[PDB]
Number of protein chains: 2
Amino acid sequence: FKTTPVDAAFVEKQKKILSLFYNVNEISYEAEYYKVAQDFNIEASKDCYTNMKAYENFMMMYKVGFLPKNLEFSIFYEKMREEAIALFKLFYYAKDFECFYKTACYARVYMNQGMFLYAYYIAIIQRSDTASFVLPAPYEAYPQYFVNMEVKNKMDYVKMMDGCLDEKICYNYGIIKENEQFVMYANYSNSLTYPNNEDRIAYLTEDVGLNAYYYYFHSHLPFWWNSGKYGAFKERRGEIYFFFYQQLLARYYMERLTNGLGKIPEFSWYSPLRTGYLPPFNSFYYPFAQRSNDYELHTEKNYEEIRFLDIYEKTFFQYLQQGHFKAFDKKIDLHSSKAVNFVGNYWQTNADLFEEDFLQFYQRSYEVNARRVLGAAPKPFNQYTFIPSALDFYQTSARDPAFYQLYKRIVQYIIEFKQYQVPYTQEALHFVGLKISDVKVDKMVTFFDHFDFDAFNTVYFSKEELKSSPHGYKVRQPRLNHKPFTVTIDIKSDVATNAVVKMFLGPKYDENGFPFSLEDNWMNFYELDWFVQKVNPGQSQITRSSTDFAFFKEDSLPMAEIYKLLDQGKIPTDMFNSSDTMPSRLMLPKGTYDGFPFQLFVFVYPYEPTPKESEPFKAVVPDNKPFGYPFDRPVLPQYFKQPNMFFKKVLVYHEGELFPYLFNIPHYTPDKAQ
Amino acid sequence: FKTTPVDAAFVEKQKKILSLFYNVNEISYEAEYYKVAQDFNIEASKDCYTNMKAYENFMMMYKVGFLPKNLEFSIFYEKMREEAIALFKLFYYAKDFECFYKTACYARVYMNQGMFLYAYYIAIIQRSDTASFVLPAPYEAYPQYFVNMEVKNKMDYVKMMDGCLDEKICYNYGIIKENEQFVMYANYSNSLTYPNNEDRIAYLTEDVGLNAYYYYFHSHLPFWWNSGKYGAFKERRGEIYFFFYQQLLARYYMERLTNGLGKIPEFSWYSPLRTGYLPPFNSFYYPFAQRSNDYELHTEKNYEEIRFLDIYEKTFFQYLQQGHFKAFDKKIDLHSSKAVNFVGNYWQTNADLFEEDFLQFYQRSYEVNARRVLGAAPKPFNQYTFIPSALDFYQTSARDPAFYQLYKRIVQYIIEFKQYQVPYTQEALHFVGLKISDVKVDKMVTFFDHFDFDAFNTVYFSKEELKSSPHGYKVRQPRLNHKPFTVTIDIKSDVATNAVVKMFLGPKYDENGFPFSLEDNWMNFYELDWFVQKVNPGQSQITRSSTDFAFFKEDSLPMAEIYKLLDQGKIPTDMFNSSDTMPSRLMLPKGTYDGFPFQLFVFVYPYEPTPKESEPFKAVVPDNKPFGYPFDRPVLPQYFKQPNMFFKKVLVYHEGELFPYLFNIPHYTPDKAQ
Ligand SMILES: *[C@@H]1O[C@H](CO)[C@@H](O[C@@H]2O[C@H](CO)[C@@H](O[C@@H]3O[C@H](CO[C@H]4O[C@H](CO)[C@@H](O)[C@H](O)[C@@H]4O)[C@@H](O)[C@H](O[C@H]4O[C@H](CO)[C@@H](O)[C@H](O)[C@@H]4O)[C@@H]3O)[C@H](O)[C@H]2NC(C)=O)[C@H](O)[C@H]1NC(C)=O
Ligand SMILES: *[C@@H]1O[C@H](CO)[C@@H](O[C@@H]2O[C@H](CO)[C@@H](O[C@@H]3O[C@H](CO[C@H]4O[C@H](CO)[C@@H](O)[C@H](O)[C@@H]4O)[C@@H](O)[C@H](O[C@H]4O[C@H](CO)[C@@H](O)[C@H](O)[C@@H]4O)[C@@H]3O)[C@H](O)[C@H]2NC(C)=O)[C@H](O)[C@H]1NC(C)=O
Ligand SMILES: *[C@@H]1O[C@H](CO)[C@@H](O[C@@H]2O[C@H](CO)[C@@H](O[C@@H]3O[C@H](CO[C@H]4O[C@H](CO)[C@@H](O)[C@H](O)[C@@H]4O)[C@@H](O)[C@H](O[C@H]4O[C@H](CO)[C@@H](O)[C@H](O)[C@@H]4O)[C@@H]3O)[C@H](O)[C@H]2NC(C)=O)[C@H](O)[C@H]1NC(C)=O
Ligand SMILES: *[C@@H]1O[C@H](CO)[C@@H](O[C@@H]2O[C@H](CO)[C@@H](O[C@@H]3O[C@H](CO[C@H]4O[C@H](CO)[C@@H](O)[C@H](O)[C@@H]4O)[C@@H](O)[C@H](O[C@H]4O[C@H](CO)[C@@H](O)[C@H](O)[C@@H]4O)[C@@H]3O)[C@H](O)[C@H]2NC(C)=O)[C@H](O)[C@H]1NC(C)=O
Ligand code: NA
Ligand code: NA
Ligand code: NA
Ligand code: NA
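The rules behind these values
Residues numbered from 1 in each chain as written, not as in the entry; some residues may be left out. Chains lettered and ligands numbered in written order. Part of a larger assembly, values for the part shown. Heavy atoms only, no water. Helix = DSSP H or I, 4+ residues; strand = E, 2+ residues; numbered from the N terminus. Rg over C-alpha atoms; globule rule 2.2 N^0.38 Å. Buried < 20%, exposed > 50% of the residue type's maximum accessible area, 1.4 Å probe, protein only. Contact = heavy atoms within 4.5 Å. Areas by Shrake-Rupley, 256 points an atom, 1.4 Å probe, with all protein chains shown as cover. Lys, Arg positive; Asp, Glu negative; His and termini not counted. Charge placed at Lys NZ, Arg CZ, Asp CG, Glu CD. Pairing = 2+ DSSP bridges. Axes fitted to C-alpha atoms, helices over the stretch in contact; angles between N-to-C directions. Buried area = accessible area lost by both parts, 1.4 Å probe. Salt bridge = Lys/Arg side-chain N within 4 Å of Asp/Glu carboxyl O. Polar contact = N/O pair within 3.5 Å; in protein donor to acceptor, adjacent residues only side chain to side chain. Nonpolar A, V, L, I, M, F, W, Y, C, P; charged D, E, K, R; others polar. Least-squares fit on C-alpha atoms. Near = heavy atom within 4 Å. Disulfide = S-S within 2.5 Å. Donors = N, O, S within 2.8 Å, 3.2 Å for Na, K, Ca; no water. Domains from an automatic or database assignment.

Bringing the overall build of chain A into the picture now. Per the secondary structure count, chain A includes 22 helices and 19 strands. For chain A, the C-alpha radius of gyration of 25 Å lies close to 26 Å, the compact-globule estimate for 674 residues. Buried residues in chain A amount to 62% of all 674 residues. Sequence-distant contacts in chain A: of pairs separated by 6 or more residues, those separated by 24 or more amount to 79%. Counting only carbon and sulfur atoms, one obtains 52% of the accessible surface of chain A, whose full area is about 27,100 Å². Looking at charge distribution, chain A has the averaged site of its 73 positive side-chain charges lying 2 Å from that of its 81 negative ones.

Shown next, in the form of structure tokens:
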């Protein structure tokens, strides 16, 4: 519930930014943004931009025309990408906030909804003056991607009937009036959307924050954008790539573990993919593409793409087999520091992997092609109209099990390369004159909580209604969550030093009930937190609350609540400092009444600062150390018995109901955690 | 039956070497090796070794621990390889025989049986002072890999009953007392181990000497060992590789021919392998992995390895398509001399293919991966416990038909490259003023013979029994064999010269009854012999006895007989000079009563000496000429009608029984050859 103060100039500018997220699916002919848009003469505005070549480029594509309103926009299709990147460059190179805003009002009014939102979200995140301003949560901007079609439909019907037929009847269908607004209860999906064991974890993969999280990841550093803005970070880009996915997959594999699901399965482009998924969405023209269980990847429609994909991976194998090779106009050694970066950019086909300021249409991307084949859609009708899968959007990608299958496949390939890195030696890890004597944690408890957000942006309003910037329509759904807990660390030091304290969470046992060995477990640990303590000689005890963990955040406030906070000169400080991290809700994987066993790994090493990175991301240790150190590479497990290391077995309990559905039953009062 | 004299210092040193092969599966707490081992302080012995880095390396791995006793050891698994190579380096760098021996007694006592044997066999072969000493035959050191499980079991039972229930009853089960020792008759395998036509040739592929032969090949020059020891041989290593397999496959294809079996079949990693095999073995934990007929190679478990294997071969295709290319930090032309070497090292993934003194864990090997996929086992439990196939050991590899399928696939690939070599011209092959006028051979007759060896090393003895170094337990099995024959060569020379005389054996007809043409037959010929004659002008006749053929040897003597020979200051001179060649038994493929037709090819060319190679192997012609010249590459068959060449059609007859089983029937006296 934490805030940050803000003056009137901010408030007024902020409000201007947010005003464009109102009733995104329509136009209020009475809005201020509409007057600005009408007043804006795009052909006479060359002087609004600091880059005339970008403006000229836009005006050219614009003279021929863009993606029409009402078609689905996706970053994964070439022409739409060029157009969206072009729009973004105008947003970005606008000289001023006033020029930025006029341009944004223009695009808001005259361009495809999805395109505009896409570029506007990114621009705000990216523009120097505009960063430090808050954005509505991805699910409040794009409800259509965060709301399964049962509810979305009920919403259509409720709006068409301007309320309920008879209030008791739609109490039974989970629809409520609460404070002049509607609330629809929403369950997670059937086996008619997840038609296999994967359904056990719908509550994770359909989770709105998880999905938001991935969308924020993309938006902070789009594959198509070079690193110029982040200077010295350019060097660490590929390294992020690995860390982001490795880390995400670890979090995901933990959920599997507590639902008895075991290892994410391998697959092949020459065989059928066992595990299907039926996205519960529809676009303007099309229901989303369904991928049934045992879907044949290898058919006529996909042959040429499979040829592409196969060689793409096999050339990585050739790079591993040589060790030094000239590739992409560089001479690159895989014992080199620069290697980690290369690898990452190679798999993502970055703008950085090439010359490029902005990615050339013609540089074929393994991720792009992978998502087309796994999405299982029919081939696009023309280049403005394609049949959407979940893999077509960062908002929806984490929903399809095939997503984790793809990125696990990538991560394994990079781990294959990671054999070329030099495993940390003993004195390397050994912190001289520093020992952790004990670690102690509070009770770790997961549980479920209803959570609300306003889905009004996917609901339609009348000419009259739009004047009021109407937003009646809320989705209440049980989401994972845990109680706050503290870790206390007992330390003995010879000397006063400065130390970094990192603590990770990972698995304890196989699916066979065997202890994981570190040589096989290191990729399965995810970072919870890091910080810097001045450490005194003698015995000390460091306490750390789950509330202060570096890698997690509070939920976003609805746009309504943001405005209510501006009215009293404030902003939600997590939405401010760190919108791009995992929600704290999802910090722990769902536990059991037993207590599910995991290891908390605590690690203390010497703090040796470097000049602050200017960061596209999660502020990471002001260190020359890698991301996710010391788990950034294969280990020699002997070297992990150091006195400044501590593995502590920890059990995650659960409380109240065991399944989200038990919360959305009309007339049943659930067991709520206390 | 030929020997070599030896003094008392040799005898005493020899005996010390052999003492460690007694009751390998246990420890005699009363043995001398046990006292030496107890007395040996490994941590205080840094001064026993000429390479302190190797000692430090060992002591490090040793401080963390090795493969425990009773697990199966295999060179094909990473950690076990590192440990075994480390042990070997200690054996190798021991400064002295006394240091070598103390170290060997230590490992004998405290380390895994298989590991120790592996490294000790190799060390002895490799150490300067210790070469020129004799080693027990691989099948007497590792009976477990040379004895099918019917017999192995009967042996267990016989030891448990301390003899036979009733002597007549186990005469019926083929068990005999002969001179206070046991003899078990052993048949070759059913179709419940070879479940297809491949069974026709079990008598070849289960043959103990053939298998020994391959094990000796490995042990003389391990893939993981650089060539430093053999100096200028380093240059010819890849060339051996081809010659060894090409040659072996020729010998194998001849057996096929006389059993009406035809060409070794091709296969694909994307398809099922037709031809299964059920290894008749079990380890401590596991029965060996079975590969049924029509086993699907392409499944989830094997996908990622298939990706590896496929690109591994396809990059060889790219090297063929370019002709000059930078690869492995060399610039390599396939018209170059160095090419043949490269090719070989590429397919075997040698230590030489890289920088390496000793092979790095992380350099993935096509042979290693091939054997895992074709072995069809479940994936290893942890890295000290895997489920063995026949392809896991050089002792057992030649038993699995898939072995010949793999290496034929390799050999074909190199033959594909061999198009880049320049075919021998006419004057190149033409020996001026030298003509073979006639060739004449004695009758070539194969037949079967019982053969004995002591399998005691896979049988367990009591605390008391071990004191006597007990060895009761023998396996008598019919093995292929031929009668000695002589070739006489009629020569006419203008001049006195020195000539090399080479003679090869190969096929006459297709499976279709058509004469093979040389363009297609050259890879199917195997070298029988080469030598150097001073040739006088005028007419001469050279005789050569099958007994003196350069490429074949007498059987090994049992360890008992070795000791009985030392007692009178001698050693078996074949076990001395040439333990690493094919047994003479297997010189000819099994004939028929008809006479089976083959060609003997006789070739005489000018002897032009070069400084003697210091040889890891079969002393080959002291020539600048290739291995297996003039059949080292594709031919132009015109150029093979020279006067110093002679192709002679030759028929191999058989005598006595036609099948080995007819020899192991109780109360049936077989037709024995005379
Ligand atoms: C039933 O299905 C049919 C076929 O799919 C649809 O017919 C298409 O209708 C769309 C309009 O919705 C057409 O696309 C638009 O029409 C014009 C095309 O002009 C043609 O002729 C000019 C020369 O005058 C050429 O330059 C051009 O190549 C075309 O061949 C354009 O005027 C339109 O441009 C407008 O919209 C764009 C964005 O789309 C803006 O950028 C512009 O400013 C402008 O406002 C647009 O291109 C399309 O041509 C039709 N297809 C075919 C094959 O004829 C029906 O719409 C559909 N019916 C229903 C009820 O869905
Ligand atoms: C999220 O998903 C969950 C899980 O599927 C849904 O929960 C189901 O919800 C429905 C309500 O929508 C439940 O159905 C109701 O069952 C009640 C309990 O009945 C018991 O006793 C009756 C006799 O009263 C027996 O017949 C029955 O076998 C049980 O023993 C009933 O009292 C309800 O009565 C209704 O019946 C008829 C329809 O046949 C109506 O016309 C009546 O007017 C009356 O409303 C009703 O049938 C069901 O139990 C729940 N399932 C589970 C597994 O718990 C949530 O609804 C869903 N939430 C959202 C928002 O989708
Ligand atoms: C039933 O199946 C179970 C599970 O597979 C088997 O249990 C395993 O038993 C083996 C022993 O046979 C265990 O391995 C050994 O145990 C010790 C492991 O110590 C643990 O704790 C220390 C800290 O004290 C850690 O360092 C370490 O990571 C371990 O977690 C070691 O002391 C042993 O070392 C000894 O042998 C090695 C070679 O193995 C020598 O090099 C050493 O000098 C020393 O003598 C060894 O590592 C194994 O831990 C057990 N597995 C599990 C999962 O617990 C049962 O044996 C089996 N029962 C039967 C009848 O087969
Ligand atoms: C290597 O593999 C070969 C080939 O399989 C084995 O050879 C077989 O060996 C068994 C002996 O172990 C043979 O079985 C014996 O057959 C004899 C010949 O019998 C003929 O006459 C009898 C009447 O006397 C007829 O019934 C029969 O049809 C034949 O016409 C019998 O005299 C033997 O008598 C035994 O029978 C019973 C079991 O039913 C016992 O209880 C008796 O006490 C008595 O011993 C016996 O049945 C068989 O012929 C061989 N097969 C072949 C193809 O030749 C080798 O044994 C094997 N060697 C090893 C070491 O494994
Ligand atoms: Na499509
Ligand atoms: Na999955
Ligand atoms: Na295995
Ligand atoms: Na075969």
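With that settled, the discussion passes to the sheet that holds strand β14 (residues 538-545) of chain A. All names here are of chain A. Read across the open sheet, the three strands follow the order β8-β11-β14; overall the sheet is antiparallel. Pairing within the sheet leaves two strands with one partner each, and these edge strands are β8 (434-441) and β14. Sheet twist, expressed as the average angle between the axes of neighbouring strands with direction ignored, equals 20°. The pairing of strand β11 (residues 486-493) with β14 spans eight bridges and is antiparallel. Paired with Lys492 across the two strands is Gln539, which belongs to β14.

Before going further, it helps to examine the interface of chain A and chain B. At the junction of the two partners, chain A supplies 24 residues and chain B supplies 23 residues. Interface area for chain A against chain B, summed over the two sides, is near 2,100 Å², with a carbon-plus-sulfur share of 50%. As a salt-bridge pair, A:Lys314 and B:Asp310 come within 2.6 Å of each other at their nearest N and O atoms. The tally of links from chain A across to chain B stands at eleven residue pairs in polar contact. Breaking the side of chain A that touches chain B down by element, the ones donating at least two residues are α14 (303-321) and α17 (401-417) of chain A. When its residues are assigned to classes, the side of chain A that touches chain B shows eight nonpolar, ten polar and six charged.

On to the relation of the copies chain A and chain B. Superposition record for chain A on chain B: RMSD 0.0 Å, screw rotation 120°, translation along axis 0.0 Å. Put plainly, the chains are arranged around a three-fold axis. The two copies present different faces, since only 8% of the interface residues in chain A are matched by interface residues at the equivalent positions in chain B.

Lining the immediate surroundings of ligand 3 are A:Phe514, A:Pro515, A:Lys641, B:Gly65, B:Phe66 and B:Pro68. Looking at what sits near ligand 3, you find residues from chains A and B. At 3.4 Å from an oxygen atom of ligand 3 is found a side-chain nitrogen or oxygen belonging to A:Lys641. In isolation ligand 3 offers 1,100 Å² of accessible surface; the protein chains occlude 15% of this area. In terms of residue class, the shell around ligand 3 is built from four nonpolar, one polar and one charged.

Take the state of the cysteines next. For the coordinates displayed, the defined rule picks out four disulfides over all chains. Across a sulfur-sulfur distance of 2.0 Å, A:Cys164 and A:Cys170 are joined as a disulfide pair. You can call A:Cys164 partly exposed: its relative accessible area is 29%. In this model, B:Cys48 is linked to B:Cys99 through a disulfide, with the two sulfur atoms separated by 2.1 Å. Note on the B:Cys48 and B:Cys99 pair: the S-S dihedral is about -65°, so by sign convention the disulfide is left-handed.

The next point concerns the coordination of the sodium ion (ligand 8). Residues and elements named next belong to chain B. On the protein side, the sodium ion (ligand 8) has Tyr252 (OH) and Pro401 (O) as donor atoms, found 3.0 to 3.1 Å from it. Taken together, the residues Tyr252 in helix α13 (residues 237-258) and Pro401 in helix α17 (residues 401-417) connect sequence positions 149 residues apart. Using a relative accessible area of 3% as the deciding quantity, one classes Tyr252 as buried.

Before going further, it helps to spend a moment on the domain arrangement of chain A. Residue and element names in this part refer to chain A. Parsing chain A into structural domains produces domain 1 (1-187 + 450-479 + 556-569), domain 2 (188-420) and domain 3 (421-449 + 480-555 + 570-674). Computed from C-alpha atoms alone, the centre-to-centre distance between domain 2 and domain 3 is 26 Å. Facing the 36 residues of domain 2 at the interface are 45 residues of domain 3. Together, the buried faces of domain 2 and domain 3 total about 3,700 Å²; carbon and sulfur atoms form 65% of this surface. Among the residues domain 2 hides against domain 3, the three largest losses belong to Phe243, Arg251 and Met254. Together they make up 18% of the total. Linking domain 2 with domain 3 are two salt bridges. In this structure, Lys263 and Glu511 form a salt bridge, with 3.2 Å as the shortest nitrogen-oxygen distance. The interface formed by domain 2 and domain 3 holds 16 residue pairs in polar contact in total. Contributing elements (two or more residues each) for the side of domain 2 that touches domain 3: α11 (202-205), α12 (208-220), α13 (237-258) and α17.

Right, let's get into the pattern of salt bridges. Summed over all chains, the structure comprises 72 salt bridges over all chains. Note that A:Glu416 is salt-bridged to B:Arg364, the shortest N-O span being 3.3 Å. Taken together, the residues A:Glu416 in helix α17 and B:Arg364 in the loop between α15 (338-348) and α16 (366-375) connect one chain to another. Exposure remark for B:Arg364: the relative accessible area of 24% places this residue in the partly exposed category. B:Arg476 is the salt-bridge partner of B:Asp452, the closest N and O atoms lying 2.7 Å from each other. Residue B:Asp452 is located in strand β9 (residues 444-454), and its partner B:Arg476 is located in strand β10 (residues 473-482); the two are separated by 24 residues in the primary sequence.

So, on to the sheet that holds strand β19 (residues 645-654) of chain A. Residue and element names in this part refer to chain A. Judged by pairing direction, the sheet is mixed, and its eight strands sit side by side in the order β2-β3-β10-β9-β19-β18-β12-β13 without closing on themselves. Sheet topology places β2 (175-178) and β13 (526-535) at the edges, where each strand pairs with a single neighbour. Across the sheet, the mean angle from the axis of one strand to that of its neighbour is 35°, orientation sign disregarded. Docked against the sheet, α13 engages β10 (473-482), β12 (497-507), β13 and β18 (596-606), running at close to 115° with respect to β13.

Its place among the elements puts B:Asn536 in the loop between β13 (526-535) and β14 (538-545). The contact partners of B:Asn536, leaving out residues within four places of it in the chain, are B:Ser493, B:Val495 and B:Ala496.

What follows is about the site of ligand 2. All names here are of chain A. Lining the immediate surroundings of ligand 2 are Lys154, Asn172, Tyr185, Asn187, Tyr661, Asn664, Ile665 and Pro666. For ligand 2, an oxygen atom lies 2.3 Å from a polar atom in the side chain of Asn187. Within the backbone of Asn664, one N or O atom sits 2.8 Å away from a nitrogen atom of ligand 2. For ligand 2, whose free accessible area comes to 1,100 Å², the fraction covered by protein is 27%. Partitioned by chemical class, the residues of the shell around ligand 2 number four nonpolar, three polar and one charged. In terms of domain composition, the shell around ligand 2 takes at least three residues from each of domain 1 (1-187 + 450-479 + 556-569) and domain 3 (421-449 + 480-555 + 570-674).

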